[PDB]
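Residue numbers (PDB author numbering), protein chains in the order written: chain A, 45 to 510; chain B, 45 to 509. For every residue, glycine included, the Cβ atom is placed at its ideal position computed from N, Cα and C. The block underneath contains the structure these notes are about, expressed in structure tokens.
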Amino acid sequence: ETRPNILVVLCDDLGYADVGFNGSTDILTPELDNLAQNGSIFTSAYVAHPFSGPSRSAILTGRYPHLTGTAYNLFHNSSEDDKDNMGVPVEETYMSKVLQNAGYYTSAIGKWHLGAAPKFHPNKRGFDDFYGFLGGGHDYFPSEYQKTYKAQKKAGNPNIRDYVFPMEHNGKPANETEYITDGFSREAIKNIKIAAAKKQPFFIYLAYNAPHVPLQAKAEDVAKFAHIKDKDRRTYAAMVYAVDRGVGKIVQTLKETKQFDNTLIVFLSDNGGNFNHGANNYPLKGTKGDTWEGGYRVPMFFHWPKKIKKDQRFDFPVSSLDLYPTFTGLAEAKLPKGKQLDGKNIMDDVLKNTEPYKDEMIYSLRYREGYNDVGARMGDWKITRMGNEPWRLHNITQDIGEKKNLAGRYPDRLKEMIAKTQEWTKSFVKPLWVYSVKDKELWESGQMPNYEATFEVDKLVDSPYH
Amino acid sequence: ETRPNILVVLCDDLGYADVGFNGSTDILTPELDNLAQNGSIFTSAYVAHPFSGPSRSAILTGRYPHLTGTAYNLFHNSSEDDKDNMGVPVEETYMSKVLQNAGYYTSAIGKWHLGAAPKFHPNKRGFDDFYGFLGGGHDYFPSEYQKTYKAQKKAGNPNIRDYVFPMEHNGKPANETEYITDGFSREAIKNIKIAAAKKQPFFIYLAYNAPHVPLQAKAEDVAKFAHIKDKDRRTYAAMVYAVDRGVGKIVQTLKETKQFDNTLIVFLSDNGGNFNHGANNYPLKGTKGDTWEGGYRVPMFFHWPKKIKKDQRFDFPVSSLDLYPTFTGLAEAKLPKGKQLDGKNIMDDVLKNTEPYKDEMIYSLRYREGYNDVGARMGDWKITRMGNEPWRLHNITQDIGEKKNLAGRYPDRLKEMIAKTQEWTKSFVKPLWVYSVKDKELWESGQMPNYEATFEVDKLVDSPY
Ligand SMILES: O=S(=O)(O)O[C@@H]1[C@H](O[C@H]2O[C@@H]3CO[C@@H]([C@H]3O[C@@H]3O[C@H](CO)[C@H](O)[C@H](O[C@H]4O[C@@H]5CO[C@@H]([C@H]5O)[C@H]4OS(=O)(=O)O)[C@H]3O)[C@H]2OS(=O)(=O)O)[C@@H](O)[C@H](O)O[C@@H]1CO
Ligand SMILES: O=S(=O)(O)O[C@@H]1[C@H](O[C@H]2O[C@@H]3CO[C@@H]([C@H]3O[C@@H]3O[C@H](CO)[C@H](O)[C@H](O[C@H]4O[C@@H]5CO[C@@H]([C@H]5O)[C@H]4OS(=O)(=O)O)[C@H]3O)[C@H]2OS(=O)(=O)O)[C@@H](O)[C@H](O)O[C@@H]1CO
Ligand SMILES: [Br-]
Ligand SMILES: [Br-]
Ligand SMILES: [Br-]
Ligand SMILES: [Br-]
Ligand SMILES: [Br-]
Ligand SMILES: [Br-]
Ligand SMILES: [Ca+2]
Ligand SMILES: [Ca+2]
Ligand SMILES: [Cl-]
Ligand SMILES: [Cl-]
Ligand SMILES: [Cl-]
Ligand SMILES: [Cl-]
Ligand SMILES: [Cl-]
Ligand SMILES: [Cl-]
Ligand SMILES: [Cl-]
Ligand SMILES: [Cl-]
Ligand SMILES: [Cl-]
């Protein structure tokens, strides 16, 4: 057996400038930085959607959420009955199931957000082990949330928020006793040791909910950030530091079990930081949920000592959609018949420092209340529509903050990129669920999605009097 | 004659953190800072719209642009024919004309943006003198724009941008020879001296186009800002510094003419900074054009040595709409019959440190392509809708950056403020012009303005399941 172990370390709402290797000056991430410095830092890494549910759907299915009907978040406490189909389609085979069928020991830890009904459960979607929670977020201290859950259960509360539900281990009570970031790190260590004892390659999907709200941190970690005056930034920094501590213990475990050299560690965020709740996306414009770069360009590194050189910087754009074909290629796994994928097996490009998306697009489209936000990048160029304002064209390599609209200078390039992006939307399916009552009314009237209006150009800038 | 002179120094797209007295750490504005420190700094000053045309219309008419039909910008090179009525309604009397009729010597300098046809001209709107340009912006170096203008005319260009048109002085060519910020400062000094010789109180509307794009600065000013590493912010800083130099020369002139003590100087920006083009609105969220605070909360001071004490900070919210009734009050000027005003005479509130908008609203509504952005503030509380997202309630005193939505914590307060804001929109008129072809299509179909949809609340947050 020479196939590598694969560890995905996925943070939740981690800001672009909030790890040291991607520019942080106030948040300390020495363990993540050491891995990044000993592998490949991706300076133009994108997720397939600027917020969690659709982004995580894309990671595990390998498809844009607009093709699977999962481009809106599931609501909190979404239906746990199979009959309601509130989850990613079961026919869309996850890479975990592909790796499991190829003989990998598979483990999911932390946040799911891909369906709370039994047919959507991690154990039915290719994970031998699951430890975590099914919804979109969770309170961080068991001594707090277990007391709240128990009191509200006894009081007969019918609206108990899923943020205080007991976590689970393979459908049984987890009985967590630690700050849950530490608990997730503990379970990752355990599953690494299980794989080593089995002498089986592992795939671990470690989906920390940190630094997603609520901003809750251990006093021991907060103490290391007294140099930060803003309380939210200080708490957020401590939350990221807790992840870094866990990564350090995971690395030590990989070394002890002699799995370190032939493990591919992939670290990223599921979307941009929310700059209302502690995050910093510098030098990108915008925030979680935007199609500015700040919404869906994320930190990422690959660390794999057997193959990936130290101190590498990979500057060509890549997508979290690339993880599915890259991982199944490394696992020598056969895809299910008819499986469709929107990403690329990029490992050879990473090893050769070549451009996987040369002359091809990486996209985002985010549904708003009556219009769509869009981003589309090819090479050095990006088109952006935000707030239904006029279309922008940016040289994103020379103008990473999207400050200088070049649409008037290069109209032909703008319209070529518009045409390809519009063609992409012709492949979309209807959402299986929307998020608000407003959404439902808009889709039912045809006011959404109205892709045709999204790709208007001239009428947004022309005067009716000239 | 006891009435004070009034000098309005209005910058164009000046960011919230881009003058020293309002928190700048890198842009140097010693003359403006000295005036602010010797008067009253307004820490919650608002303009009536988050971009220039409608904001400037509101300043001179004293009414929200939604009541005068002027809530969109005029397009570049807008019609110069009276028949097309591309300008602020002539019936909506400007405070310049009221002051002129009250015996003030009146002068407008720099940017207009209120109509380029003759009936909209400053000289027809209460200004004895006008030196500047009629449209929305201008290139800064005459040696550059006069060369481009003359060449494009010879090239038979039918679409010459008004940014390079020759400036004017009372309808005649201005023949400007200086960096135009310096030229505007020079003309302000001249008009101060004219009023001193006339022994007439002056009203001077000094509408610098700085620091609005294009980012163009003098080498002598750029040399002061080597500590600014970002290239656009360095140029932008030098553009603000040139305004500061001119203010210093204006102050020296007021002292020499013995007008300084009884001049009210009001300094402000017409809207928030554009953070794509050098500006910084810290600690506010957002940028020019938004209904986040960063779009329309601006730096402002009042300086008037005879009455306003030094080292004052005025923390209650105020509006640029207050300038019209405050100035006409100081001028003891009678308003025209039927004139309506949306602001307040706030001078006694400023001197007494009392709250002019107690239990009342300061508003913004900005039209977008198919929806409306809104902001509304009463006391410590603000409601915001941006991008047609769910409504937000902020304690703007505790949460100036609009980071923490309290809509779920205080739903009754949110809905009370929304109800009052919706009632305000019931008074609106139709825009006399819109900006884009898309705007025209949306208004003609009835998709705009749809104020009813703007004030939906519950359906934006409730799940259908
Ligand atoms: O009254 S409540 O606010 O509901 O009660 C509060 C606590 O619940 C809240 O906790 C977080 C703050 O608001 C919600 C939580 O954040 C949300 O988490 C989601 C995942 O669980 C998701 O990440 C949300 O972002 C999305 O929001 C919608 C849907 O997709 C888009 C957007 O359209 C995402 O954002 S963006 O556009 O990409 O930026 C995120 O905002 C809320 O919980 S929940 O979401 O209602 O479940 C509650 O736990 C506590 O007890 O009381 C709090 C009181 O304020
Ligand atoms: O082809 S161009 O790019 O137009 O040519 C350029 C030069 O003209 C430009 O110069 C500035 C950059 O874009 C325009 C100028 O900025 C604009 O100035 C306006 C005032 O003159 C106004 O401030 C504009 O903001 C508004 O834009 C619309 C209308 O109201 C809102 C928004 O909906 C305002 O913005 S916001 O929402 O509040 O933020 C501002 O963007 C452009 O000039 S013009 O506007 O076309 O007249 C040109 O002079 C030179 O020759 O070539 C340049 C090449 O790029
Ligand atoms: Br599956
Ligand atoms: Br638990
Ligand atoms: Br090893
Ligand atoms: Br008038
Ligand atoms: Br000139
Ligand atoms: Br004096
Ligand atoms: Ca997330
Ligand atoms: Ca302006
Ligand atoms: Cl938020
Ligand atoms: Cl926001
Ligand atoms: Cl082109
Ligand atoms: Cl479909
Ligand atoms: Cl069009
Ligand atoms: Cl811009
Ligand atoms: Cl912007
Ligand atoms: Cl209340
Ligand atoms: Cl509603």
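Please look up how many angstroms separate the CB atoms of residue i and residue j, rounded, as I've assumed it's under 8 Å.
i	j	result
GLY179/A	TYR252/A	With a Cβ gap of about 15 Å, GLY179/A and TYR252/A do not count as contacting.
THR221/A	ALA286/A	With a Cβ gap of about 15 Å, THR221/A and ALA286/A do not count as contacting.
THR498/A	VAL418/A	6 Å
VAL208/A	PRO508/B	Not really, about 24 Å apart at Cβ, beyond 8 Å.
Once DSSP output is grouped into helix, strand and coil, what is the label at residue i?
i	result
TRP425/B	strand
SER480/B	coil
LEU504/B	helix
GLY64/B	helix
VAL208/A	helix
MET344/B	strand
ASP392/B	helix
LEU79/A	helix
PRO217/B	strand
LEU72/B	coil
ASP403/B	coil
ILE444/A	coil
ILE224/A	helix
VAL142/A	helix
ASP126/B	helix
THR105/A	helix
With distances taken between CB atoms, is the gap from residue i to residue j smaller than 9 Å?
i	j	result
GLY181/A	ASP56/A	yes
residue 569/A	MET461/A	Residue 569/A lies beyond the residue range present for chain A, which begins at 45 and ends at 510; the question has no answer from this structure.
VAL362/A	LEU76/A	no
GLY316/B	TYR479/B	no
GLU45/B	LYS299/B	no
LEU308/B	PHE346/B	yes
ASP125/A	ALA161/A	yes
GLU136/B	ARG107/B	yes
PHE360/B	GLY338/B	no
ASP483/A	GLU404/A	no
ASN325/B	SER68/B	no
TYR184/B	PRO210/B	no
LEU72/B	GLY64/B	yes
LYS459/B	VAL501/B	yes
I'd like to know whether the C-beta of residue i is nearer than 9 Å to at least one C-beta of chain A.
i	result
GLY445/B	yes
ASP456/B	no
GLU337/B	no
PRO508/B	yes
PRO475/B	no
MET130/B	yes
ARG412/B	yes
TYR340/B	no
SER96/B	no
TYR479/B	yes
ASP62/B	no
Give a yes or no on whether 9 Å exceeds the smallest Cβ distance from residue i to chain B.
i	result
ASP206/A	no
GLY316/A	no
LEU504/A	yes
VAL418/A	no
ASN432/A	yes
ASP125/A	no
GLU496/A	no
Practice task
Determine contact between the stretch 46-60 of chain B and the stretch 234-250 of chain B, defined as no fewer than three beta-carbon pairs at a distance below 8 Å.
Solution key: As far as the Cβ criterion goes, the stretch 46-60 of chain B touches the stretch 234-250 of chain B, which means the pair count is three or higher.
Practice task
Could you say if the stretch 223-242 of chain A and the stretch 144-158 of chain A meet the contact criterion of at least three C-beta pairs nearer than 8 Å?
Solution key: Three or more Cβ pairs drawn from the stretch 223-242 of chain A and the stretch 144-158 of chain A lie within less than 8 Å of each other, which places the two stretches in contact.
Handout entry: Touch test, the stretch 383-397 of chain B against the stretch 352-368 of chain B, Cβ-Cβ under 8 Å, three pairs minimum
Key = A contact between stretches requires three or more CB pairs, one per stretch, nearer than 8 Å, and the stretch 383-397 of chain B meets this requirement with the stretch 352-368 of chain B.
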